[PDB]
Amino acid sequence: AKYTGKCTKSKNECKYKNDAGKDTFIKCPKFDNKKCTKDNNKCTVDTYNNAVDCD
Ligand SMILES: O=S(=O)(O)c1cc2c(O)c(c1)Cc1cc(S(=O)(=O)O)cc(c1O)Cc1cc(S(=O)(=O)O)cc(c1O)Cc1cc(S(=O)(=O)O)cc(c1O)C2
């Protein structure tokens, strides 16, 4: 499943709702182009390949 969520800057985490609707918090990468740069920025998660991209 491909989901869109919101990331937090200080924890560099992506918050999204999983298959069941549960809030799920996962770590964005540190790499600049995939890290969270501002609270409530968009992030996406693909639950099959674990592609996590935070803005
Ligand atoms: O995110 S962490 O705080 O847990 C962390 C800190 C450091 C680390 O070396 C790593 C994680 C491992 C690591 C993870 C990733 S990731 O796969 O994307 O999550 C990437 C890197 C890495 O070392 C590569 C990397 C990227 C960047 S950046 O894209 O320009 O932000 C910078 C660095 C990298 O090694 C240098 C770096 C900076 C810093 S700093 O404190 O932010 O200056 C701490 C650590 C560093 O290795 C020290």
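Note: hydrogens, waters and symmetry copies are ignored here, and every other heavy atom, side chains too, is used. Residue indices begin at 1 and follow the sequence shown. Counting convention: from 1, in listed order, for ligands and their atoms alike.
- Of the protein's heavy atoms, at least one falls inside 4.0 Å of atom 31 (O) of ligand 1.
- Counting only heavy atoms, the protein gets under 4.0 Å from atom 24 (C) of ligand 1.
- A 6.0 Å sphere centred on NZ of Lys35 holds more than 12 heavy atoms belonging to other residues, nucleotides or ligands.
- Protein heavy atom nearest atom 17 (O) of ligand 1, with residue, atom name and distance: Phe31 CE1, 3.9 Å.
- At distances below 3.5 Å, at least one donor-acceptor pair connects side-chain atoms of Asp39 with backbone N or O atoms of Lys9.
- Between the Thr24 side chain and the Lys22 main chain, a donor and an acceptor come within less than 3.5 Å of each other.
- Summary of contacts: the protein heavy atom closest to atom 42 (O) of ligand 1 is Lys30 NZ, 2.9 Å.
- Counting heavy atoms closer than 4.0 Å to ligand 1, residue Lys35 contributes side-chain atoms (C-beta onward) but none from N, CA, C or O.
- Within 4.0 Å of atom 19 (O) of ligand 1, at least one protein heavy atom is present.
- In this structure, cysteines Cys54 and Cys28 have SG atoms closer than 2.5 angstrom.
- Salt bridge present: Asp46 and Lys2 bring a charged side-chain N and a carboxylate O closer than 4.0 Å.
- Ranking protein heavy atoms by distance to atom 29 (O) of ligand 1, first place goes to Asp32 N, 3.0 Å.
- Proximity of atom 48 (C) of ligand 1 to the protein is not indicated, since no non-hydrogen protein atom lies closer than 4.0 angstrom.
- Other residues, nucleotides and ligands contribute more than 12 heavy atoms inside 6.0 Å of the NZ atom of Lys27.
- For ligand 1, the atoms lying closer than 4.0 Å to a non-hydrogen atom of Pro29 are 18 (O), 19 (O).
- When atom types are taken as modelled, the side chain of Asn12 and the backbone of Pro29 share a donor-acceptor pair closer than 3.5 angstrom.
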